[PDB]
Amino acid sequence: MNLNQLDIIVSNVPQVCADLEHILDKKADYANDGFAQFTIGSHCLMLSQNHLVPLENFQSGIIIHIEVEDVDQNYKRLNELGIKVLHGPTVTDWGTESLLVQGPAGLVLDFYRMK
């Protein structure tokens, strides 16, 4: 088993997509009026307007953690962009440094690194 892909269901894929590109500092691999695909290392993240099965648009309640080499450089980048930083870089006693940012459409992202 391999958790490979996460879809977020949203009504306005182009805007959510555009916002996610600035936050992630990479373009979508591919995007439509109703679908966008990002590759983030070994994992894909889709935005979809269509309901593949019966469900509602995404509201809240997740954190998408992205392991990065330099948390503080992402921080600076994001601050210059005007992105809402929810928790500035902090570290655990075990060396886990993280940065929590408000993403579009209720999404919350963590850019983090470990010991």
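Sequential numbering from 1, following the sequence displayed.
Mean CA B-factor, 58-66 versus 72-80: the higher value falls on 72-80. Among all modelled residues in this chain, the alpha-carbon of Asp93 has a temperature factor (C-alpha) in the highest third. Among the modelled residues of the chain, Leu52 sits in the highest third by CA temperature factor in this PDB entry. When the modelled residues of the chain are ordered by their C-alpha B factor, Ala36 lands in the middle third. Residue-level temperature factors show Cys44 in the middle third of its chain, judged at the C-alpha atom. For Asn4, the recorded CA B-factor ranks within the middle third of the chain. Only modelled residues enter the ranking.
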